[PDB]
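What follows is a set of notes on a single structure, which appears directly below.
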Amino acid sequence: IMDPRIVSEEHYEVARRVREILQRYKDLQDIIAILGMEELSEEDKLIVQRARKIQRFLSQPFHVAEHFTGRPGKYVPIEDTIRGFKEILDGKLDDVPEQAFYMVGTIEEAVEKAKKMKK
Amino acid sequence: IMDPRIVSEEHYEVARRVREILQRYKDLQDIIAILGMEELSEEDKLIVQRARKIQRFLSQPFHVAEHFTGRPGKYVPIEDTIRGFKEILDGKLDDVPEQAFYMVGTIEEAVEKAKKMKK
Amino acid sequence: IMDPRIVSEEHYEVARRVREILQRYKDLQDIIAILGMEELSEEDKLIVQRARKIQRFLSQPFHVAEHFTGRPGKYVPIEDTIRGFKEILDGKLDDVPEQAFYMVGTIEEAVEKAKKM
Amino acid sequence: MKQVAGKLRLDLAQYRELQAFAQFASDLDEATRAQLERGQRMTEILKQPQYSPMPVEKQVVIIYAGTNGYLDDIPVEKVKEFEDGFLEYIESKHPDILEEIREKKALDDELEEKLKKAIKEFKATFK
Amino acid sequence: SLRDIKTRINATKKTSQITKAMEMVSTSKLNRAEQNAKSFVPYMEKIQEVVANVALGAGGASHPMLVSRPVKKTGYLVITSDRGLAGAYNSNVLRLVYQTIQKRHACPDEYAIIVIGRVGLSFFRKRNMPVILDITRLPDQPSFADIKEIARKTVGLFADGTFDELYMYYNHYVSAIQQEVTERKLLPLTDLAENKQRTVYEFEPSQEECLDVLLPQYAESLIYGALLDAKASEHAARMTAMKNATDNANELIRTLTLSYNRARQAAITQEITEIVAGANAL
């Protein structure tokens, strides 16, 4: 189903942009372990910072996982999945800490959680 | 026999403290093979400085080896090995060069071997 | 067969000197890629020039190639190629264009090709 | 294609080696900058979508335009928009270039017409 | 494990190509640093000789910058690089200045420290030592006007009588493989050059005001000269460090490649023998 004729235009764009930023980060994180993060350029630093947040926002608390997560469980509809990933790709939430995306649901919760974290 | 119940408390602390420094230096070993030790700073640098001395003080001239090298063989009592490694770990012999712990018996021999070199 | 007990002393020396100059030029190639030719030392430049001319003098116009190019073809005896490279290594022909050594046979042909230009 | 693809082979071969190391560096020699910039643009011309094969006459025209370096003022993201825009101007000339490239296959004689149309049409509209 | 060692090869291959990128870019920057330094040498020669000749010729020592004085307190200038991959370049200048301050002074109030570069600043921020100036983020190509205000503070504090003795620590560029940790005494000018050939100078401007103008020009020139050599030696040090790092990675790639080929052949002979043993049994 990941064909431009079947899905919406922004669904196709957001899905292809997620794979490119994470594929770029995958090859670059290996280098950082030997050269150190101080030696890489500003475009690389920006890709690392956004890729970390994207990779964590892919996480979600399941209803069947309450015993393993200590959380109640949440459902996210397709429009909210597309809307949430787009703000991260466009850099809107560069200020939010990378620890505000673990086991969360909708993107509004990440901003509320950052306020609870006093930031 | 390496259990708190069988060995002396002094022996158990010295033996466990030796394996921690040797394991930490085996973790740094894969990165220094490329970059060398010029990048390392503070405790990681000090840990390799002591680990070098410890690795050499485990070498001993045997009586059966007199037929290969002109050096006489040596027998080292348990009280002398524990005291020598304890002083190396504490840092009392940090000023002595690393080449003064090769094929020796007791810690006092390292002091005179360093004095012979004059460095 | 490359040992001096089978090949003559000049055959061994000419082969060793050719490998030493070509190996030294391969080192300068990444330096030449990052920096300009004018910056190299006088001795470094005197080896880069020699190496390019020696590498071109290794080239030869074959007889089977007459269907694809105007070049007729050339057979060079062992005694003539050893004699030729020895003159090049001493710098006797450094005051000659690099194209004089390109796709040629014996050393006298490079001299006549230079005189024609 | 033999006349045009020769330049593509050299420009693309010098790019495969250069990007693996010189991609991150801010200031290098102008030659290396031009080699990277040309290699990035030629690797955008080779990208293509499914079920849209290109006739050889259209392929040699776009490759010729890129190899000669007329895309040096075009951003790396705009190269795909330039392919469709240039091929739209060529729709008016399909009657001329289809018969000449399909029958004569002589891109050596055709150089004057390709250079004239590509430079005057885009420079007049883009300025 | 055959699958595990392959990841190490892929890592070493990419990281070697990146240490090679840092070698080529540092090589280009070393040439500009040496070219730029050689361009200011004629200027440095002209400005330093004219101020030296008027400061020592046809007159006695009567100015606080030239005259010997009892030392109440002293200052030190040490210059270092902003990033850490330069090799032993930063550690050796810090070693010499640290051992020297400890050898003749036992309290932090006795001396003042002037430092250039993030690693030098970090070295004085860690442990416990005072700092009067902490400049960082200077451009790759420094101009005479870039460090003008930093030099003005250092010579100004001396001219105002706050410091009685001043030293400079920096690396000197000799060759692409050799760089020397070097030390100089900037003030007081207890020693000066003598050309043995002299010409007349104007007697209208006051002796004190004339010296007060030419002394800072010499200090600014000397500090700028030290930076030119320090940036050239930094790029030379990083070029050698990256060359060795790339060579160590290329050697590790062939040794790992050979081990992978042994594992590949071992896995195939073991697999084929388990297959044939099973077929023979059946």
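Only this structure's heavy atoms are used, side chains among them; waters, hydrogens and symmetry mates stay out. Letters go in sequence order (proteins before strands), and every chain restarts at 1.
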**Message:** A side-chain contact here means heavy atoms from C-beta on lying under 4.5 Å apart; do A/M117 and A/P97 qualify?
**Reply:** yes
**Asked** Hey, is D/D27 close enough to E/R32 for a salt bridge, meaning N to O under 4.0 Å?
**Response** no
**Item:** Basic-acidic side-chain contact under 4.0 Å: E/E149, E/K153
**Value:** yes
**Request:** Could you tell me whether a side-chain N or O of E/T12 sits under 3.5 Å from a main-chain N or O of E/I253, the two making a donor and an acceptor?
**Result:** no
**Prompt:** Quick one: does D/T43's side chain have a donor or acceptor within less than 3.5 Å of a partner on D/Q40's backbone?
**Reply:** yes
**Request:** Please list all pairs passing the ring pair (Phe, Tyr, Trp, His ring centres under 6.0 Å) test where one or both residues lie in residues 6-48 of chain A, with sequence neighbours left out.
**Result:** none
**Message:** In terms of relative ring orientation, are D/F82 and D/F126 parallel, tilted or perpendicular, with 30° and 60° separating the classes?
**Reply:** perpendicular
**Request:** Answer yes when D/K47 and D/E44 have at least one side-chain N-carboxylate O distance shorter than 4.0 Å, and no when they do not.
**Result:** yes
**Request:** Kindly state each residue pair satisfying ring pair (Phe, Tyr, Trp, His ring centres under 6.0 Å) with at least one member in residues 30-67 of chain A, sequence neighbours excluded.
**Result:** A/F57-A/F85
**Item:** Test applied, salt bridge (charged side-chain N to carboxylate O under 4.0 Å, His left out); reference residue, A/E98; option that passes from A/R52, A/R50, A/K119
**Value:** A/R52
**Prompt:** So, the side chain of E/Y89 versus the backbone of E/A230: is there a donor-acceptor pair under 3.5 Å, distance only?
**Reply:** yes
**Asked** Does any N or O in the side chain of A/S59 come within less than 3.5 Å of the main-chain N or O of A/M103, such that one atom is a donor and the other an acceptor?
**Response** yes
**Asked** Any sub-3.5 Å donor-acceptor pair from B/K53's side-chain atoms to B/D94's backbone N or O?
**Response** yes
**Message:** Salt bridge check, A/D90 against A/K86: does any charged N sit closer than 4.0 Å to a carboxylate O?
**Reply:** yes
**Asked** After noting the C-alpha distance and the side-chain angles of E/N248 and E/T19, does the key distance pass the side-chain contact (heavy atoms from CB on, under 4.5 Å) rule?
**Response** CA-CA 10 Å; E/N248 292 335; E/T19 57; over 6 Å; no
**Fill in**
Which of D/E83, D/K78, D/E77 passes side chain to side chain contact (heavy atoms under 4.5 Å, CB included) with D/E81? It is D/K78
**Charged N-O contact under 4.0 Å between E/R254 and E/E251** = yes
**Asked** Do B/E42 and E/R127 sit within salt-bridge range, that is, some charged N less than 4.0 Å from a carboxylate O?
**Response** yes
**Message:** With heavy-atom distances below 4.5 Å as the criterion, would you say the side chains of E/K29 and E/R238 are in contact?
**Reply:** no
**Message:** Taking E/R83 first and then E/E234, would you say they form a salt bridge - that is, a charged N and a carboxylate O separated by under 4.0 Å?
**Reply:** no
**Asked** Does any N or O in the side chain of D/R41 come within less than 3.5 Å of the main-chain N or O of D/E37, such that one atom is a donor and the other an acceptor?
**Response** yes
**Short side-chain to backbone donor-acceptor contact, E/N90 and E/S81, under 3.5 Å** = yes
**Request:** Verify, without hydrogens or angle tests, whether A/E108 (side chain) and A/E112 (backbone) share a donor-acceptor contact under 3.5 angstrom.
**Result:** no
**Side-chain heavy-atom pair A/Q29, A/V48 within 4.5 angstrom cut-off** = no
**Message:** Tell me whether E/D229 contacts the main-chain N or O of E/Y173 through its side chain, where contact means a donor paired with an acceptor under 3.5 Å.
**Reply:** no
**Item:** Note, E/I223 side chain near E/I147 side chain (heavy atom, < 4.5 Å)
**Value:** yes
**Prompt:** Where do E/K20 and C/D30 land on the side-chain contact (heavy atoms from CB on, under 4.5 Å) test, with the steps shown first?
**Reply:** CA-CA 11 Å; E/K20 185 57 167 177; C/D30 83 357; 2.8 Å; yes
**Asked** Just wondering, do E/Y260 and E/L2 contact through their side chains at under 4.5 Å, heavy atoms?
**Response** yes
**Prompt:** A/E109 side chain to A/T106 main-chain N or O, any donor-acceptor pair under 3.5 Å?
**Reply:** yes
**pair E/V78-E/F123: side-chain heavy atoms closer than 4.5 Å** = no
